[PDB]
Structure formats: structure tokens, C-alpha cells
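> below: the sequence, then the experimentally determined structure.
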Amino acid sequence: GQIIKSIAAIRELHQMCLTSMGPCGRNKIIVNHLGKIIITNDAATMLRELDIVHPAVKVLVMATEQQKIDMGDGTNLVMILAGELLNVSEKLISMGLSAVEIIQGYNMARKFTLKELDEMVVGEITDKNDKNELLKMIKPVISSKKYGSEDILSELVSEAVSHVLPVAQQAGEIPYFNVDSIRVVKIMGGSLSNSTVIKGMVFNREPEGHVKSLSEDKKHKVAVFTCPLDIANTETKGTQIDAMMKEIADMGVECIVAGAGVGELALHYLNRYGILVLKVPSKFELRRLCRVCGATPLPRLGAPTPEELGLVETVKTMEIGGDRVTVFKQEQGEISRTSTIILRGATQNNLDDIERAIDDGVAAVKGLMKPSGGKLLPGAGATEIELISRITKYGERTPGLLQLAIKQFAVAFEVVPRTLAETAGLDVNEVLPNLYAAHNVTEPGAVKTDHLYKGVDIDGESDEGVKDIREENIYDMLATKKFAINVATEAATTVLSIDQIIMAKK
Amino acid sequence: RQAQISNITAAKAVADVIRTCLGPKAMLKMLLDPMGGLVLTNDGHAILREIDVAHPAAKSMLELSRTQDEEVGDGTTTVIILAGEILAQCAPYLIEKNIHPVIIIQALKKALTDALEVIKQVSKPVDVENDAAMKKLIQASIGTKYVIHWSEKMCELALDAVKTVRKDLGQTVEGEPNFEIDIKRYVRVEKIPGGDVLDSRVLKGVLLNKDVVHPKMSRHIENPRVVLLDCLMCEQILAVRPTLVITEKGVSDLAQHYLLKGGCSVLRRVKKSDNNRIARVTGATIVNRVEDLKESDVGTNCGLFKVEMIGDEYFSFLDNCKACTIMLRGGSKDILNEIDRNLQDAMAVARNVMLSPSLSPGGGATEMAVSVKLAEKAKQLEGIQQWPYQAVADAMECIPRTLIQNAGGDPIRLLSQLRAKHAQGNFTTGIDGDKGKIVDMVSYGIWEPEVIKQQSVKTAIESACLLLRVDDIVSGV
Amino acid sequence: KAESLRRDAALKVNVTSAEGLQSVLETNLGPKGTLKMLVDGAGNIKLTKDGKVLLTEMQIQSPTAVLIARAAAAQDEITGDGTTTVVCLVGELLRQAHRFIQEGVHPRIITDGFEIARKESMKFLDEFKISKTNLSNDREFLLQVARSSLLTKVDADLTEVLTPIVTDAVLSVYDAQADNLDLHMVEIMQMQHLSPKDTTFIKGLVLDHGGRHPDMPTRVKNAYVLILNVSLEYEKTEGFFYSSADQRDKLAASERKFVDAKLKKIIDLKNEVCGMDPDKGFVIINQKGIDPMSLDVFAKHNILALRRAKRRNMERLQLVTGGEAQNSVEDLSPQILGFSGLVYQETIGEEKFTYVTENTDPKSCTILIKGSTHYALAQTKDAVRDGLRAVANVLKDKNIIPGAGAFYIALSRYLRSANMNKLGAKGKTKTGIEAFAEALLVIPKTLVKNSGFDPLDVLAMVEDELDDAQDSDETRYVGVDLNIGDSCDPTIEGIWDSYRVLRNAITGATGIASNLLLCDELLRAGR
């Protein structure tokens, strides 16, 4: 049985993710073959580092790539749903239900699940781009990464997000928020309260010039050059240095950036006269300077055409955690298209891992864009437990052997409320049966009131049963759920269809 | 938990052996002895007889089959299959869900109570005082025996047997014993060599194969006075007004003529143990020597005395008006023994219906009906017991599954059709053996004594607790 | 402490075993058959084509084959022949089934068709039989029956020898007035020092111990036989003192004179019954011994004298001539003697044997198996023990079946064409209708294979003639011609078969195959 051997393989990565997902989750130590210690809860980082052996794993891993590239969340939702969807299929296999009949069932359930998810909508983010509306989503996204640190990270992100979401109104066809709109840097030392946000670009390299600040005027004009700065060389061969700034400043420039090297006298004179000098090793970061300072790089040398100058409010050199950085930023004007997250933290693993979490929080806001992304679902398995009950109803409505598959299909959605419990340390022999009753009630009405809000208690508030998601404002993104169901349903269908693994001609 | 797992793996194997031993189309099992013997029997008792087991849990599966067979003459493989899957379906609940055995045991007890409710609901009443229907019932219920051509009397012989043994008491003072029957002891069947199966008859009393000493003798005395003696003496006998003289030892001509002169019959070779059986049905006093005969030698409670010869042996009828003796007739003692193999089996069939006047929907309709009724109860039951409660429902589907598998049909699709037939339709929908089709038990009767299903479930859950309650296997002498 | 196959490969094990019993016990079928060698390890060789010998005296390695063999052993104890056809039918029923098993047909469905065919096979058997009259002029048919059973078990040159022997033997035992026959009244004797073609039919009974004295008459034309139980050797009443050679015998002869007075009384019978009269004679066969001098006196009166008789043959000897066993010569009467014809004692240098023939009214006969070697005497002994039961099956059951496989051939045609058109089973069970009819060809097929003739072509030539009968509106009994290679008519050629054998052959083969096809797990007990 190839399908039996495949089940054995997925049991390995199922064990990996089963204990991973959740704010109470457990970290994994990952040793890079190049000599790096990686400790994270991100299963995408895990699978990137995990060598793949059994070809059936290649299906599940590439599935998580579809989720992670196309959606900034859902990594464990794919691995967790997929793991159990194939685990419960072992019962269907052993009951004698053929592979094609199991496949037909999961596809029939794909339609049932998607239609119900549309009915599970509780609220909707009205796209006010307000810090309060952002926090409603940013908090639960930061959750599952660092439990209890949401206060520090929420104030960091929601304020940083307001830097890259400018004042926009009547805008549903104008896209905003590129993933590169928020940069995160690492400064060894300090703690969470030592982190901050800069409204613009921060160079991790120490100040290279001798000038600390520009003038006090608003919208200090700035130049970027592409050609190497030296004594004017003729258009051909040749087998003035400082005169560049005499040309640049004509329009109002206090800051001169050189995308290339610097000539003899200018290295002294550009800084001597109080002008900031910059050369950037990252050429995409030069494209960032086009977005932060608004600077249009001059393709020629020593000829700052007026159209090749930008307007940047303030550029200064700043001290972060004792290690010096150079800041090219905007200030209440020519609003910066990039904001920088200043992470001060002493442990290089927690420091880097905090960045890994904030990177995902940035990605979540990309999904908070206009593509039908405001829809909210009830979190803490209220979506999952309610889906269980509604799926079993479709079983009663469905004649044939498809009834057997639908029944085992609902069982699979218990892995998410189970994982929330096993990681949190509440007895799965008590929390799970209390979840069933909390969501399974006889409502005097067609609208379940306060019974779609029943949650899973991951807090230390000792209580028999579970809590209400509105207490902490725990909502899940509908688009994350809907896309995840599509990925996992098709991914499990793929594994369930593998009848033989044949080596190609070699 | 590892020790409890090993107990589970034991019963799964016991069941896999017995699994396909159920049905008129049952597959045969090959018993290989180390001496080279090979037996293809379909008797699940014989299968369990030779199965050499390792885990003592399997030894309790054997003791379970002994318990069922001793009480209810049927239920052998029904209990082994049912009990094993009851344990097996609980396996992921033990290992994966981390459910403590005490929780699982408590859940099975609640399922037992609820299951007995369903068994009552699906029952069909039958009137045990309708002897004509009891003949049609027992004759069909003993189906597939060697005496089909003689089933008329091979059935009626058992009906007239249980007719009298019925332990009849009913009142609110002591209670209703419900016609408790002991076929082993209370019934003393006297198999008569000679005759044919259909010539077999039923008597009332005790019948002895001890022959008569003189061919001319008082043949019938309606109110005799029986002298039970082992050993002047012939005259001493008559002092107490006797009519029948029974001697333990051999008897000479003098005892024939002297007692005949006074109108007394002579019977020889009757041991004091048969003289005690005479006392059970008449009441004569057992005496050794004739000089010790006293006035207590009486022949009370003697309805009929008969001396007829059958099978080269004269018989002494101790007839009187929880005991009976059947005058079974057979061309040989092996034919008489063949009667037992088929007749006493009918006695169990009648014992079951006399135990409770109720029938069970066969063809597996009982089990699939339980699997549906438990499902409706499960979703209405709160607590962790929602998980183990469903285990019994999945276990009750194995019995109808084996009826399909041994019928050669699709074991998956036919079960799902049965589920829908019991869900929206009647509880009487079962499995046909020959056609392999889903049929209603109204058309294809196969109505089974309910007490078989009641004791099968009771003993299955009982043994399931015995297998789950064991936490380790420890060596000790 | 358990071993079994949760996969159905137990069927692959059982089928593999049957294929072995096929390849072993198939090649012995037919007058074109081969001979199997059983070596007992003590140096004795049993050269046999007989199935019962190959079934009961083979070392069986396969545990499944133990069942097929022991079950087939029940064939001989019911009908007395047909054990090879059981083995072949079983193997092909299992082999044709394996084909349908791999198609997903549950063993039940296959088995039910095997039972449905059994019901149909009984119809054919009763319609195909030829009712035989009880005319004692059936010598032609009885001779033909003997050839059917002999040509199988012997080399076809001993058939011309054994054909009149077995035929005339059973003609003697078969009682008239519709009375039965008793094969226990037909004696089979073992004699060495002659060739296998010398096997002979004796009208009466032959005794082992012959005369041991030079004056014993060679033969008596008209013999009157005495069975004498009196001790004629040295006996004494239940003091002997001699002082010289002269006084020894005077005392012992006087004590033996108690015998000699009976020796006088025996020759007083001889004088009472034709002492000197011509064409009359006196044969003495004594349970006890005869004194050497008592033999001399028996020679004096020309008496054929035998001594130290075996009890069981002596009990027969009373039945042989109809005389009585004499417990005392003083009771010796003239009418006690039994009359017989040619009585002679043939001299074999090992032991002279007494031939007591042309007897009063014994209704009993003896077949003397002649042959020098042990492997030859055994083969012939089986041929006689088998053929006597073959001719018994015909005289007991007046129904004879056209042989040469006409039963197994025509039953194929009737079950192939009619059953589905009868609607006598079911649509899915048709796999059993085909399986059985295809397996019915194992008998006519094996008969051809062992002859060297083309297996397929001979079966085709049979079907062609059977088709002619359909348009000819006549009964044409078509069989396999194992000599020319073509078809033949069993009723013209003389090849016959038994109603009872074929009845129990199909019944048993269905049972053996049904039990094996329904096998699920092979279990180990006591381990």
C-alpha cells in the first residue's frame, strides 16, 4: 500500500506541526548546514530548512509554499489541516473506501466548506485604516508568534503601518502597501521596551560622512548619482570633483547621495561644507531611496538635472542602542514610502525571531488590502467547531458512501481546536468536549447569539470550558481561511491520489 | 499503556480467527496439528478448542465462550466477534485520545443499559401457549440440523419436554422465576434403543432399562405398593401389602413363583440408585435385606406401571402424574446420540423462547438497528463519553458486515444501504444469505430468540471490562 | 502462538498443493498410462498404477494434500474404484476456480455453482445410463466390462489372460433367482515360481500343505473327502519302560494303537465306501497330524492323505464339498464324505499344493495368482481385487454407463448450453456453470494427453461427431479413441463404466473442492 507508506511519512511532519501552532506553541531548534542556530515557531522557516525525503512530503511542502507566497499567513493551517485530513483518511482506507471515492468526498466537501465560511462572517473591517481597526487585526496576527508581547509589537506595527499607509480616501482601485514598505533592522542589546520605529530609512552601517545634520528647512532636496565621482572625465576614455555640489545645491539641496564612489576633494569638501555623503552597497536600497527621499538617480556624472533631484524632509545621523546608524527619512511631508522597525534586543535569536514575527505582521497588512479582505471569522476554533457541526449536517443531507467521507471530514477540523489545547496545557479530555457543547446548542432562533463567539482558553484564567473571543478581540481573516481550505483540500487530494512512485530513467 | 495495548492485540487475533466462522455460507478454517492432522470444521467451539493462545486475555475469550455456551446454547461466535470489536473500536480512544480506562469502562456500562433498551424495542412477541406456532417457531429456529426429515417429532419431542419442566411461579409475593429451565439436570431423558426417530415419545416420571425376571407377571397396577429390596423371606415380603417386588441383585425361580402366587411382580438388577429414583417418583423405602422390610415400603404417587420390552431389554416404567423423562427411540445408541445432538439443541431453542416469549429481527437487522439507535443517543449525550459511546455503534456493525462478507457482496456499499434502510425505514431490514440482498425480515423470517441477543450483549460488555481493566501482566507463582 | 494469512493467499497455497497432486497422480490415467514406483525404504518396490495404493501408501509432504488424499480414500470404500478421477477432478475444479478467484468472485459464489452443477449432473447420469438385462447370456457384455477395468491396471498382454479368468469367476459367484453375489466367496491365492501369464482359474479350492510321502496318490478321478480332526500322531492316554531296542516300539505302538484302531476304523470306512470298488476314491484331510506309518497304511488302501490342516481352510473345506468335520473316527460314517472330481496335487519344488476341484456344490472359486517376482504378484493381485469389484458393480447395478469419457464429454455440452437458458442458477453464478463444465474436460483431456494424441484436436473431433447427432435425431455415444487417435463409439468398441462410480465421483469431487475453496485461514494448534 503506497497510501499506507505515505501516511507513515506525513506522520513525521504532522508531529512537527501538531506541537507548533498556537501562542502556547513549542519552538524548534534548527541547525543550518552552513552553521547557524535557528530557533523559531515559523513552520515555513522550518520547511525551508528541512530536507525532504519521501516524495509525498514534497507535495505538502510545496503546498505551504503556495500558502506563504500568495498569503502572508496560513502556514500551519495548511500543515495542520493537511496532516489530519490524511490521518482521518486512514480510517476511510481501512473501512474499504477506495481512493477515488475518498477523493470524490473531499471535493464534495470543498463546496460545502466554502459556502459555510461565507456564512460564518461575524464582523467586517470597514477599511478605515485607523489604528484601532488595524489593531483589531494586527494583535491576533502578532499573537501565535510572541504570547504576551503583543503590547510592544502592536504599538510598533500599528504605528509603523500608519507610516506606509498614507492618507487615502475614495481609494479601492488604487493599491497600497508593498511588502518592502516596512524595513526591520537588528541592533544587539536592549530589550523590548528599547525598540522603536523610524519614519524612514535607517542604514545599519555606521555614519560614513562627517556631517550629522542638514539645515532646518522643510523638504531638504537630495541628489543621487549613478556614475563614479572624480575629476571630470571626457565622454571617451581620458587615458571638478567638488564642483558637483556647486551644481547640485543650485535648486535647494542640503544632502548629496552618491550611488557610486567619491573623488579626492569631494570626500573632504562634500562633508566639509556640511553636506551628507552616502554610498549604498544595496542597489535595490537605492531604489528604496527613490521611494523614501524621493530621489531620482542621475544617470550622468556631475550634472544634477533639476528633474534628477528629490525632496526629503530630514536626513540626520542617529545613535541606536549605542551602535551608530545613518537615517534618510521624511518628516510630516513628502511622506516616506518606507518606515523602519528598530529592534533592540540582546539575544540574537530572539532579536532575529522577533523580526521573523514582525515580517509576518507586515505581510498580514498586505492581506488587509482591498481584495475582499475585511471579512472577519470567529477565532479560537469557533470557525473550526462550527464547521464541524455544519459539515456533519451536510452528511445527513448526503446519500451514498459520500456520507462516510463527510463524517470523517468533520473529524479532521478537530485538529485545530485540539492543537490550541495541547499546546496550552488544558486537558484535551475536558476542553474539547466543552467546545462541542458550547457551540452545539438549541437556539430559539436561526441566528446563534453568543454561541458563535465561544472560543478556546489559552490564558491562565482557570475556568471550566472556554472564553468569549470578544474579550481579547480575537478574529481570524476569512481570506486566510478560505485560501487555506482550498490549498489543503487539493493538497490532501494529491497525496490521496498517489498510487505508485516510479523512478525516472537514469 | 503498552500492556493494555497487548491485551487489545490479543482479542483482535481471536476475532480474526472467528470472524468468518459466522453464517450458513461460512468459510472453513484449517486446523493444523503438529502431528500432521488437518480439520476443516465450521464449529467455532472446535476452532476455539484448538486455538493455542499466548496472552491470557485470549484465555478469557475462551472462558467467555464457555460462559455463553453453558447458559445459552447459542451465541458462541456472536459473542467472540461482538466482544472483540467492542474492544477493538475502543483502541484509538485508548491510545490516541489518552482516555483513562476508568472513563472508557464507565462509558461501556452506559452503552450496555441503552443497548438493552433498543433490544426491547425491536422485539417481536410470540405466544408460548400457541403450541402450533411454537412448533413452526422451534422447527424453523433449529434450522440446519441432521434431522430435517424427522424434524416433526425432533421438534415436538423438545416442545413436550419443556412443556412440563417450566418452573412456573407468578405473583407479587416472591416474584416470577420466568419458567427457569435446567435441561442438564431437571430433565432426565431416557434414550430407548430400538425404534425410529419418529417413534420417539415423551413420558412423565423416571424410566429404567432393568428387565423382568418372569415372563408371566402382573403387568399393570394403577395403585401399587412397591418394595425396594436388595437381597421365609418371600413370605415376609407380603406382610406389608405389596404389589411389586424389586430386587437389586439377580433373582431365581423361587422369587418368581412365590411372589406371583400372591399377585406380585418381580423386577431384578435395579441398583439402590434406581431405587432412589423410584422413591423420587413414587416413594418406596430403600431396603437391603428382606428380613429388614417394614411397613414403610409403599408405592405412592405411581400413576402407571409398565413392563414392555423395547430393544432386547425390558423397561420398568415408574410413571407419575421440574422433572420429566422422554421415551426416545432409535435404531441404535448412535442414532439415540444423534437425537441428542439435534434434539437437546432444540431444547435450548425452546428454553430461550420459554425464558422470554419474544423474538429478535434476524439477518443482522438487530445489530444495524442498534447501530442507528445508539447514534441518535450519542449526539444527545454530553461529556467525554461522546467518544467511547460511539465505539459500540461501530462495533455493532461488524456482525452485519460478516454476514455480507461471507455472502460475497460488496462489504462497503451494502452496509451503507443497510444504514439508510434502518434510518428512514423499518428496523426489520436484514441481510439475505443466499441471494446476498438486503431483505425485510417480514419476508424472510429468521426470527431469533431475543434472550440470545440480550445475553450476547451483556456478556460482551462484561468481558470488555475484564479486558480493559487489566493494567499490566505480571509473573507470579 | 498464531500463524495465518489475513490475505487470501491461503487460496494460493491450497491451489499450489492441488497442482502437485495433479502432476503426481495424473500421469497414471488410461491404458496409455504410466506406472509409479513406491519405495518403502526397506528395499521393497511396489509398482502400481492403482490410485488407492498411490493415495494410501504415499509420503505426503503438503498439509493440504493430506485432505485430498484421505477424502479420496473414501471413494474406494463406497464404490470400489474411481480414485484417480477424483484427484483429477478436484485439481481442475480448483485450477479453473483460481482463474475466477483472481477476477474477484467470492468463494461462496464459486461454491454455490459447484453445488448447482451437482444437482444438474444427477439429471444427466440418470438419462445417460443404459439399463442392462439380467440375461446370463451377457457374457459378451461381461467380457467387455472386464476389459474396461483390466486394460487400465495391466499391460494389455495380461488382459487376454485375466479377461476369461475374472469373467468366469464372477459368473460362478453370481447367484441365480435374482440372489446377490458375495465377493468374499472368491478366493485369491499367491503362488511364486511361475510367470505372470500363468495365472489360472480354479473351479474350487487349493490347499497349501500337500502330501509328503512317496506313495501318496497323484490324483483321484472321483474323490470322497473326509475332514478329520483326530490326532493320529504320537499320543497317550491322558508306565513305559523298555530295556532294549526290541521293547521300545512295542510300548509306543501299543499306545499309538489307540490311534491305529481308528486307522483301522478309517480303512473300515474305505472298505465301507468303495474299498476295492472302481471309479471311487477316498481323500483324507486331517486337522491334526498323521503318523508316518499311518501314511503307509493310507497308501496300502490307495488313499490320498493330507495332514495338519489350517482351520480356516478346513472350515471352507466343509463348504467346498459339503461334508462335515469329524471329531472322532469311532463316529466315522459312510455318508459323511463329500464328492468331488479331479483332485490333484501339483508339485512345486518348494511345496506341493493340493487342487480340490469339480466340487459337490461349493459356489466358490479360486484365482491362483502366478508370477515369480514380488512386484509382479502385487500388480496382478490388485488387478484381480479390482476387477472382481468392477464386475460386481455391474451385476449389482443393472445400469451401465457408456465409457471412454462419454459421461464427462457430453455432460460438458449439456451444462454449457442449457443451464443459462434454463435460468436454473443466476447471472453471477454462471462462473460456476462455466468452471464445472471446463473442469469436466480434465478427464477426456488427460486420457488424450497420456496417449500422445493432440489434446485439442481429439477433443475437437469428438465434438464434431456429437454435433452430427443433433441433426441426425439419434443417440450417438461418442468417446475418445485412445488407439487410432480419432473418435469411437463405446458401445461398439466395448468400453463401459459404472453408474455408482460416476455418481459418487461427481458427488465427492464437488465436496472435496467445496471444502478447499471455502478455506480462509490455516491455523497452528498445540504450538
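Ah, there it is. Residues are numbered from 1 along each chain as shown, chains lettered A, B, ... in the order given.

> ok, and the closest non-adjacent residue to the residue of chain A found nearest chain B?
Residue nearest to chain B within chain A: residue A:96 (4.4 Å; Cβ to the nearest Cβ). Where C-beta positions appear, they are placed from N, C-alpha and C, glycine not excepted. Excluding the flanking residues, the one nearest residue A:96 by Cβ to Cβ, 6 or more residues apart in numbering or on different chains is residue B:412, at 4.4 Å.

> mind listing what the one you found touches?
Contact partners of residue B:412, counting by Cβ atoms under 8 Å, 6 or more residues apart in numbering or on different chains, are A:95-97, A:401.

> quick check: it vs residue B:51, distance?
As judged by Cβ to Cβ, to the nearest Å, residue B:412 and residue B:51 stand 29 Å apart.

> measure whichever residue of the stretch 151-300 of chain B sits closest to chain C to residue B:126 for me?
Nearest residue of the stretch 151-300 of chain B to chain C: residue B:151, at 21.6 Å (Cβ to the nearest Cβ). Residue B:151 sits 19 Å away from residue B:126, going by Cβ to Cβ.

> neighbour-wise, which of these two wins?
Comparing residue B:151 with residue B:126 by neighbour count (other Cβ atoms under 10 Å in any protein chain shown), the higher total belongs to residue B:151, at 20 against 17.

> that older thread, with neighbour count and secondary structure as extra columns, can I get the contacts of residue B:412 in CSV?
Shown next, in CSV, are the contacts of residue B:412 (neighbours: other Cβ atoms under 10 Å in any protein chain shown; DSSP: H, G, I helix; E, B strand; the rest coil):
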residue, neighbour count, secondary structure
A:95, 17, coil
A:96, 15, coil
A:97, 22, coil
A:401, 22, coil
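
> just put the residues you listed in a markdown table and tack on distance to residue B:434.
As requested, these are exported to a markdown table (distance: Cβ to Cβ, whole Å):
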| residue | distance to residue B:434 |
| --- | --- |
| A:95 | 26 |
| A:96 | 23 |
| A:97 | 27 |
| A:401 | 25 |
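
> show me which of those is closest to chain C.
Nearest to chain C out of the contacts of residue B:412 is residue A:96 (Cβ to the nearest Cβ; 13.4 Å).

> isn't that closest one up against residue B:413?
No. Shown here, residue A:96 and residue B:413 do not form a contact pair, counting by Cβ atoms under 8 Å, at 9.4 Å.

> ok and the residue in chain C nearest chain A?
In chain C, the residue that lies nearest chain A is residue C:7 (11.9 Å; Cβ to the nearest Cβ).

> could you find the closest non-adjacent residue to residue 83?
Using chain A. Excluding its sequence neighbours, the residue lying closest to residue A:83 (Cβ to Cβ, 6+ apart) is residue A:14, at 3.6 Å.

> switch to chain B, please.
Of all residues not flanking residue B:83 in the chain, residue B:460 sits nearest, at 3.9 Å (Cβ to Cβ, 6+ apart).

> count of residues packed around that neighbour?
Counted by other Cβ under 10 Å, the residues lying close to residue B:460 total 28.

> quick check: residues of the stretch 301-450 of chain B near chain A?
The stretch 301-450 of chain B comes close to chain A at residues B:382-384, B:386, B:411-413, B:416, B:419-420, as judged by Cβ under 8 Å from any Cβ of the partner chain.
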